[PDB]
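Asks: Quick one: this structure, given as structure tokens, is what I'll be asking you about.
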Amino acid sequence: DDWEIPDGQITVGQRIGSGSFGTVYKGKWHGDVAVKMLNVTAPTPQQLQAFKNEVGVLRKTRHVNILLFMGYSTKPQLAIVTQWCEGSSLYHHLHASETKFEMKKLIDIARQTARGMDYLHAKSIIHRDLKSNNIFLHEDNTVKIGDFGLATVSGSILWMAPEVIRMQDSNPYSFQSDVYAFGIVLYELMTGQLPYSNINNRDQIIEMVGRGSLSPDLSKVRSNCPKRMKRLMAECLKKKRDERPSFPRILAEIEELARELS
Amino acid sequence: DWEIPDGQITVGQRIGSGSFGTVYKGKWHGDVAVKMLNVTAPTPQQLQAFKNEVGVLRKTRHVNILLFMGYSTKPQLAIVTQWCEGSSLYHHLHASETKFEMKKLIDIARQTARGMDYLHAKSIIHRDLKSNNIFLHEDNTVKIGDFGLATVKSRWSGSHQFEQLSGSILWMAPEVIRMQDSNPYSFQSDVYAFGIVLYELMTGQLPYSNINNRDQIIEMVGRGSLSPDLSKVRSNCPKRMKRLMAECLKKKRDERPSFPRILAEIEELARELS
Ligand SMILES: CC(C)(C#N)c1cccc(C(=O)Nc2ccc(F)c(C(=O)c3c[nH]c4ncc(Cl)cc34)c2F)c1
Ligand SMILES: CC(C)(C#N)c1cccc(C(=O)Nc2ccc(F)c(C(=O)c3c[nH]c4ncc(Cl)cc34)c2F)c1
Ligand SMILES: [Br-]
Ligand SMILES: [Br-]
Ligand SMILES: [Br-]
């Protein structure tokens, strides 16, 4: 089949912000869409490769908790077209609005995020930038994982595993670094706070997290955080990469502990 | 690319069986639905039905179309899609006495029109649009599916069709009822079915509620002597929907509007109501 959308069909609307490359707009194409466009005369080879990589990855995904890819265009500009997400990111809800979710809902958000991540890893896709700003709460209820960059909101230091934040080597990312980022998301859900909220300097966070002398303060977890969720968070946040669990185990554990409440 | 290896899906509760095969709830990176088409070695018919359904579904990526997720071929031919949670529009309107506000009735029409506009843009004729194939997922997003697609298909254009397709008679365009072409289905017959959905939304009733048997409906819709009673729309029915419904139900198929136009009209109404 083919996902190329002919020029002229999409009506490009309000500008939302910068994406992971290019600029994101709300658009119309058989309903609402998002359109991420590279607004340049001619793309560099690097820009073309980034576009191709993103289309290549997105076209491999069909899951309710992954942003729905819908098509692309290459002329007159490189564009990636996806569903429109209605609502706000998890970051916005937790930290900006400080939305007060019930524990059942917090655990369901964790569950849905774990399903999306389990799916990506099953498809051999590393996210590399999981964080609450990249977890969209569509229609205030269905998690959509994306890589929205600035459209939703250095901006990712708090979710970086120690091996990533240490800049250990030229590509320190793995499924296990995604797991660590998911541990930080669990921290955000279960505490309603960002980690290191009282550390005022980013360089200090970089040095101390990387050395293992700073880690998230698990005393901040809400009093009705289930013990099994606290333990799972601690496993996801293990400082040594190879000690962290895989997503199939994470997901199974969340599904179990969710049943136990309900 | 979309083949799911055997062993990965945990096939759970059986939800329903019929001419479509058997649908189960399952687990595979979260909830899924799994439709199995055979139990023993598949016939060539079953295999071609499977291939066609995967081929149609893999052309679709739209929020208002049931999300295809994958397939398996052993030990059973299986089509894997998202799980839908909730009830169909038919169940709401006709089995549950759900009372939707007008803004919500129009949003249902709007999301249905988006999905149908999309299918038609992809050159896909649905062939069985009706309120029971409009799923109100999490009561907030419409998912159009074909939740009763029969695997075995008759070769004979005639009168035993209407027994098996008894669940769809109310949504069949007159030229579909008459079967004067070997395949009388078109984009325009999908539009007619959408007209009947609009009727359901704006009246809260099925068409032909006082006609007491299907044979009479087949005969009279085919002859042009029975039409839905458009006067029965509820007092809050927008004027735009009265006109639009009548246009979708036009007897001459080429006089019905296309989905781009239908969608644009409903989007304008939704703005006016908001
Ligand atoms: C598969 C994976 C690894 C994940 N996960 C991945 C890899 C690379 C990129 C993306 C990725 O998500 N791309 C992407 C493309 C086009 C867009 F418009 C947007 C985009 O900002 C939006 C798409 N709907 C939206 N509704 C609302 C708002 Cl405010 C923004 C958007 C977008 F983020 C995802
Ligand atoms: C694109 C088009 C023309 C449309 N529109 C079309 C053509 C042919 C077939 C289908 C089609 O939809 N197939 C299909 C395949 C697998 C399934 F499990 C189910 C299925 O009953 C369900 C899929 N989730 C479900 N949640 C809950 C419940 Cl109760 C049932 C299901 C299913 F209906 C759709
Ligand atoms: Br695809
Ligand atoms: Br009857
Ligand atoms: Br009937």
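Top line first, the protein sequences correspond to chains B and A. As numbered in PDB author numbering, residues 448 to 600, 614 to 722 make up the first sequence, in order. As numbered in PDB author numbering, residues 449 to 722 make up the second sequence, in order. For each residue, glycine too, the CB sits at the ideal point set by N, CA and C.
Which partner residues of A:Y519 appear in the DSSP bridge assignment?
Replies: Answer is A:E451, A:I527, bridged to A:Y519.
Asks: Measure the Cβ-Cβ separation of A:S637 and A:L584 and say whether it is below 9 Å.
Replies: Against a cut-off of 9 Å, the Cβ pair of A:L584 and A:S637 comes out as no contact.
Asks: Just checking my contact of B:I710 with B:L692 at CB under 8 Å: how many whole Å lie between their CB atoms?
Replies: Right, their Cβ atoms sit about 7 Å apart.
Asks: Please confirm whether any heavy atom of ligand 1 lies closer than 8 Å to the CB of B:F498.
Replies: No, the Cβ of B:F498 stays beyond 8 Å of every heavy atom of ligand 1.
Asks: Between the C-alpha atoms of A:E533 and B:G670, what's the straight-line distance to the nearest angstrom?
Replies: Approximately 44 Å between the Cα atoms of the pair.
Asks: Please tell me whether B:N500 has its Cβ less than 9 Å away from any Cβ of chain A.
Replies: Chain A, which has no Cβ nearer than 9 Å to the Cβ of B:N500, makes this no.
Asks: Under 7 Å, CB to CB, which of the residues in the stretch 516-542 of chain B have a partner in chain A?
Replies: From the stretch 516-542 of chain B, only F516, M517, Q530 have a Cβ closer than 7 Å to chain A.
Asks: What residues from chain A crowd round B:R719, counting only those whose CB sits closer than 7 Å?
Replies: Ordered by position in chain A, no residue passes the 7 Å Cβ test against B:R719, which lies about 13 Å from the chain.
Asks: So, does the CB of B:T546 fall closer than 9 Å to a CB anywhere in chain A?
Replies: No, no contact with chain A.
Asks: At which residues does the beta strand (DSSP E) containing B:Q461 begin and terminate?
Replies: It spans 458-465 - the beta strand (DSSP E) in which B:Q461 sits, taken as one unbroken run.
Asks: Using the DSSP secondary-structure output, state which residues sit across from A:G469 in a beta bridge.
Replies: Looking at the DSSP assignment, A:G469 forms a beta bridge with A:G466.
Asks: Determine, using beta carbons only, whether B:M650 and B:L553 come nearer to each other than 9 Å.
Replies: Cβ distance < 9 Å, so B:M650 and B:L553 count as in contact.
Asks: Look at the alpha carbon of A:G593 and the alpha carbon of B:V482, and state the distance between them as a whole number of angstroms.
Replies: In a straight line, the C-alpha of A:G593 is about 26 Å away from that of B:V482.
Asks: For A:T589, would you say it is in contact with chain B, using Cβ-to-Cβ distances shorter than 9 Å as the test?
Replies: Closer than 9 Å: yes.
Asks: Using a beta-carbon distance cut-off of less than 7 Å, what residues from the stretch 561-576 of chain B approach chain A?
Replies: Against chain A - using a Cβ distance shorter than 7 Å - the residues of the stretch 561-576 of chain B are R562, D565, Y566, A569.
Asks: Identify, in the order they occur along the chain, each residue of the same chain with its Cβ nearer than 6 Å to the Cβ of A:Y566, setting aside the five sequence neighbours on each side.
Replies: Once the five neighbours on either side are set aside, the close Cβ partners of A:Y566 are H510.
Asks: Compare the Cα-Cα distances from A:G596 to each of A:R575, A:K680, A:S544 and report the closest residue.
Replies: The option with the nearest alpha carbon to A:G596 is A:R575.
Asks: What residues match up with B:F595 in a beta bridge as DSSP calls it?
Replies: Looking at the DSSP assignment, B:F595 forms no beta bridge with any residue, so it has no partner.
Asks: Roughly how many angstroms separate the alpha carbons of A:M689 and A:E549, rounded to a whole number?
Replies: Spanning the two alpha carbons is a distance of roughly 15 Å.
Asks: Using a Cβ distance threshold of 8 Å, determine whether the stretch 464-471 of chain A contacts the stretch 596-606 of chain A, with at least three qualifying pairs required.
Replies: Yes: the two stretches touch, three or more of their Cβ pairs being nearer than 8 Å.
Asks: Look at the alpha carbon of A:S614 and the alpha carbon of A:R626, and state the distance between them as a whole number of angstroms.
Replies: Each residue's Cα considered, the two are about 15 Å apart.
Asks: Leaving aside the five residues before and after A:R558 along the sequence, list all residues of the same chain whose C-beta is less than 6 Å from its C-beta, in chain order.
Replies: Excluding sequence neighbours, A:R558 sits near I714, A718.
Asks: Three-state secondary structure (DSSP) at A:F583?
Replies: Correct three-state label for A:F583: strand.
Asks: Distance, Cα to Cα, A:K601 vs A:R562?
Replies: Computed Cα separation, rounded: 29 Å.
Asks: Determine, for A:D555, whether the minimum Cβ-Cβ distance to residues of chain B falls below 9 Å.
Replies: Not closer than 9 Å to any Cβ of chain B, the Cβ of A:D555 fails to qualify, so no.
Asks: Are there any heavy atoms of ligand 4 lying less than 8 Å away from the beta-carbon of A:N661, as far as the coordinates show?
Replies: Result yes, Cβ under 8 Å from ligand 4.
Asks: Taking the C-alpha atoms as reference points, what is the distance between A:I452 and A:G518?
Replies: Cα to Cα, A:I452 sits roughly 6 Å from A:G518.
Asks: Kindly provide the chain-ordered list of residues whose Cβ lies closer than 6 Å to any non-hydrogen atom of ligand 3.
Replies: That gives B:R506, A:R506.
Asks: Does any residue of chain B have a CB that is nearer than 9 Å to the CB of A:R709?
Replies: Not one chain B Cβ lies under 9 Å of A:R709.
Asks: Could you tell me whether the Cβ atoms of B:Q530 and B:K591 are closer together than 9 Å?
Replies: Result yes, Cβ atoms of B:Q530 and B:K591 sit closer than 9 Å.
Asks: Between B:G478 and chain A, is there a C-beta pair that is closer than 9 Å?
Replies: By this cut-off, B:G478 is an interface position.
Asks: Given 8 Å as the limit, tell me if A:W450 has its C-beta closer than that to any heavy atom belonging to ligand 2.
Replies: It does not: the Cβ of A:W450 is nowhere closer than 8 Å to a heavy atom of ligand 2.
Asks: Please report the residue range of the alpha helix (DSSP H) in which B:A489 lies.
Replies: Careful: B:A489 lies outside any alpha helix (DSSP H) and carries neither H nor E.
Asks: What do you reckon, are the CB atoms on residue 433 of chain A and A:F707 nearer than 9 Å?
Replies: The structure shown does not extend to residue 433 of chain A, since chain A is modelled only from 449 through 722, so no value can be given for it.
Asks: By the DSSP assignment, the beta strand (DSSP E) with A:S605 in it spans what residues?
Replies: Here A:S605 belongs to no beta strand (DSSP E), and DSSP marks it neither H nor E.
Asks: Let me know the secondary structure DSSP gives B:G615 once reduced to three states.
Replies: Coil.
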